[PDB]
């Protein structure tokens, strides 16, 4: 019957649970999830800029011009680059790309090349410039990389090559060339006439002199021969000078570095998703205002911070009584 005032606290229908040091699964009136756990499974444009999806081609295959990579002869500017784990179209003619990983690292800071001619085919009057291999098929016939040229002897002679290019452009220039390592001495003279050969390359900083290596090697893509490729960055107003008396895989085209910025090379099996995002991972894009996510450690864009947590929930309300 007598009057009374009570002190009490809010309860509701919430079944939200949070954790503490001393207690797990504490039911609270209000909670705030701060961990993004979902992605769209797609490779998207990053803030309106399409990525470069190399499909079945590697960065090597792209830049050198593997005949199977013609899709990528003059790509537009990209936001990020996507490469498969083991791209089928790489070095069609077997060999290797010198300092390949350091080159890929530079790519991570580049958004656009403009490919230009630096040595025209019309330059080669005293050499054969149409060398091909069945290791580089195109349309079921022997072909070769599009951006470099296989020079061989003409009229049973290989006179010494002297070639210069001055970078008159305002941009740095990525230049590529290679050396051919033959199978034996007979092959050496058959292709190049001269038994003892070299390629010397100089700039203001480069001081290179390569000599081919004959060795007996296993067939890779049908061929025991090998090509080893090299690269330099040619600064504006500097010039590159090549000299060779054989085994020279000569430049034809090189790449002006026209746009630098944030980029990355993502490894992914995913294809293009015809979508736009502000945050991309190799397994899918993220659209979230969560401060954290657990999708993948490698991201590009405006992203939540990655943690390995399966759950992150902050208590905001109070302990909710049943």
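Positions refer to the first chain, counted from 1.
Engineer: Mean C-alpha B factor from the entry: is it higher for 171-179 or for 133-141?
Structural biologist: Stretch with the higher mean C-alpha B-factor: 133-141.
Engineer: Which wins on mean Cα temperature factor, 205-213 or 112-120?
Structural biologist: Between 205-213 and 112-120, it is 205-213.
Engineer: Tell me, please, which of 125, 74, 245, 79 has the highest C-alpha B factor according to the deposited entry?
Structural biologist: It is 125.
Engineer: In this PDB entry, which of 253, 58, 288, 294 has the top CA B-factor?
Structural biologist: Spelled out: the listed residue with the top C-alpha B-factor is 288.
Engineer: Within this chain's modelled residues, let me know which third the CA B factor of residue 226 belongs to: lowest, middle or highest.
Structural biologist: It belongs to the lowest third of the chain when residues are ordered by C-alpha B-factor.
Engineer: Among all modelled residues of this chain, ranked by Cα B factor, put residue 189 in the bottom, middle or top third, i.e. lowest, middle or highest.
Structural biologist: Within its chain, residue 189 is a highest-third residue by C-alpha B-factor, going by the deposited values.
Engineer: Comparing residue 232 with the other modelled residues of its chain, is its CA B-factor in the lowest, middle or highest third?
Structural biologist: Within its chain, residue 232 is a lowest-third residue by C-alpha B-factor, going by the deposited values.
Engineer: Which third of the chain holds residue 220 when residues are ordered by C-alpha B factor: lowest, middle or highest?
Structural biologist: Answer is middle: the recorded C-alpha B-factor places it there.
Engineer: Considering every modelled residue of the chain and its Cα B-factor in the PDB entry, is residue 161 in the lowest, middle or highest third?
Structural biologist: It belongs to the middle third of the chain when residues are ordered by C-alpha B-factor.
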